[PDB]
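Data block below; observations after.
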């Protein structure tokens, strides 16, 4: 639902991120 | 740390923000961008779907890696429908 | 000789006797030697055909007798060849003796002294010496609680190292923390450290106290708050 929404909004149309990666046992999230 | 790749007209608005925006057109150097975009720890990369059918290999390679977070996006014309593809085979592969 | 001497101390002197024999595996190896001397053909696994009976002849000579104040108790020790119970020496012994105390290589190599593993261990007449008049009134009730909690703690431990620490509910994590604390402080006392029965029982409570009051479903309302820290 995020993906499709994104598509429509995009089509009719210092700032960096820091990503600590949380964990859920096997992969990290 | 955010990078974006695509057509200048659609992607240069991202340069208002601190986004290392590229204008790559190549099949292999798009990877070369993404590969130098891999050893620098850019958390997220935004990609116009128009550029992604070029170097499909390189985003399947880092797909298992957390960084970079490779993201497909429609350009000013439109997406190629990479969303319809990758959410469909990924849901069925697991279950 | 020893059993005859033990029977001479109990049944004709009224004394409570305890017998300890080591090694019992060596007894069988020597029992095999005189069989080949008689040229008798071995029955199973190279051991003679009367091994079970020959063991019972010197094992089943223990216990009280009506009218007499004597007592004969045996603690035979044997080394299982290459840590196997299905071997004729400890297997046949099981059909004669009531229960077994098993030492574990994994425990001794982890510094546990004595390296007794209580799960495979067993005493068939344990409840006969528990309860008021012989021991504390929570003896049986506690025993099963520590026992069931150990297995659960061991299972929490095995899942922990395969799925990570976080996959555990934090009370399964305390069951795990319980299960190693259980071995290191309760099981492991030392070969020269005596522990009287009362000191052992409230020790269990001190370890059961780690667990909250909610899971302890083997103990009743008289005993749970009469002894728990």
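What follows draws every value from the coordinates through simple rules; no lab data is involved. Ideal geometry is used to build each Cβ from the backbone, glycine not excepted, and the neighbour counts take in all protein chains shown.
Classify the stretch C:164-225: rounded, prolate or oblate, from the alpha-carbon gyration tensor (a ≥ b ≥ c, eigenvalue square roots; a/c under 1.5 rounded; otherwise prolate if a/b is larger than b/c)?
Taking the square roots of the gyration eigenvalues as a ≥ b ≥ c, the stretch C:164-225 is oblate.
With an 8 Å cut-off on Cα pairs and a minimum separation of 6 or more residues, tell me the relative contact order of chain B in percent.
Details: 133 pairs, mean separation 26.7, N = 95.
Contact order relative to length: 28 percent.
Output the antiparallel fraction of DSSP beta bridges having both residues in the protein assembly as shown, as a percent to the nearest 5.
Details: 5 of 24 bridges.
Bridges in the protein assembly as shown are about 20 percent antiparallel.
Mind listing P(r) for the protein assembly as shown? All alpha-carbon pairs, 20 Å bins, whole percents.
Percent of Cα pairs in each bin: 19, 30, 20, 20, 10, 1.
Roughly how large, in nm² to one decimal, is the mean projection of the convex hull of the alpha-carbon atoms in chain C?
On the way: hull surface 65.4 nm².
Its Cα hull, projected and averaged over all orientations, spans 16.3 nm².
Give me a single rounded figure for A:4-12: the average over its residues of other chain Cβ atoms within 10 Å of their Cβ. Could the numbers behind the result be given before it?
Numbers: counts 3, 0, 6, 8, 1, 1, 8, 6, 0.
Average neighbour count from other chains, rounded to a whole number: 4.
Using a/c under 1.5 as the rounded threshold, could you call the stretch C:40-142 rounded, prolate or oblate? The axes a ≥ b ≥ c are square roots of the C-alpha gyration tensor eigenvalues, and prolate needs a/b larger than b/c, oblate otherwise. The partial results should precede the final answer.
Numbers: a/c = 2.89, a/b = 1.22, b/c = 2.37.
Because a/c hits 1.5 or more and a/b fails to exceed b/c, the stretch C:40-142 counts as oblate.
Kirkwood hydrodynamic radius, computed over distinct alpha-carbon pairs, for chain B: how many Å, to one decimal? Mind showing how you got there, number by number?
Numbers: mean 1/r = 0.0734 Å⁻¹.
Over chain B, the inverse of the mean reciprocal pair distance is 13.6 Å.
Relative contact order for chain C: what percent, with Cα pairs under 8 Å and sequence separation of 6 or more? Provide the component values of the computation, followed by the final result.
Values: 253 pairs, mean separation 35.4, N = 229.
Normalised by residue count, the contact order of chain C is 15 percent.
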